[PDB]
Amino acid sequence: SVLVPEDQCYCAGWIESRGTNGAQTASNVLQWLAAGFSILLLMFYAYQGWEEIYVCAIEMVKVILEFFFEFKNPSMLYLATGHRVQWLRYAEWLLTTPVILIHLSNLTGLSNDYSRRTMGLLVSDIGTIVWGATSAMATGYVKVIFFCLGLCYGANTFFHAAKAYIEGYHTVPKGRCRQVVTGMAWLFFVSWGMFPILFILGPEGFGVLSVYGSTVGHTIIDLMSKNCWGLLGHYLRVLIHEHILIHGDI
């Protein structure tokens, strides 16, 4: 029984180790890289539509904050349950995923319309993160219930996302265009699929990986699902622009 004075709060959980020093170094190193790779990307985009820029801009801001305030509220939530919920992550998710799926709905970027599949793809996406976040907060079996909701909404997201890649495959010309679309799909599903995997391995789930360890992994698939994927998406719209210069609209 410890003695906490006056206003100051207390909770055994908030003092838990953040991770080994080795993981701390690995995290910060990747943090700088992520900020540097995004700065070179923003330069590249600015030099040479908003879907690649805005997303990359949010990625730069995040890592900067994740380097200065990763464990400081409200980037990290210190709940009365003693668990540390990384709100910074789930907040950034809500700001990027929608744009990435909007980019997904219009891979070629030629058309000016969006189908009803996009609405469902967005709705299910935002819901997945919501449940997933509520899971990180929840405690007990409730944490499982909400994770299950995350799997259902997530499945619907991957379901419409798959149909989007397929329609995007048979739409684009059979050359390096379809080669890229496939490369985008694999980079997409692998990365996007790793998040619920890391979630289970991290402090939000069974806590195999430490907080620093979770960030090390996330930053990796953040560059995969954001920077690299968006760059591939950009390359596709360039190849599509190169095809309509040769054979015109077709």
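Start at 1 and count along the sequence shown; that's the residue number.
- Counting the unmodelled positions of the deposited sequence between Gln48 and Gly49 gives a gap of 4 to 9 residues.
- As listed in the deposited structure, the average C-alpha B-factor of 5 to 13 and of 230 to 238 is greater for 5 to 13.
- Mean C-alpha B-factor is higher over 52 to 60 than over the other stretch, the pair under comparison being 200 to 208 and 52 to 60.
- Comparing the C-alpha B-factors of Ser115, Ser124, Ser75, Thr96 in the entry, the top value falls on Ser115.
- Listed residues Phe147, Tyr169, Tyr153, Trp87 were ranked by CA B-factor as deposited; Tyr169 comes out on top.
- In the deposited entry, the Cα temperature factor of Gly36 places it in the highest third of its chain's modelled residues.
- The PDB entry assigns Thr134 a C-alpha temperature factor belonging to the lowest third of its chain's modelled residues.
- In the PDB entry, a CA B factor belonging to the highest third of its chain's modelled residues is recorded for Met43.
- The entry lists a Cα temperature factor for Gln179 that places it in the highest third of the chain's modelled residues.
- In the PDB entry, a CA B factor belonging to the middle third of its chain's modelled residues is recorded for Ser27.
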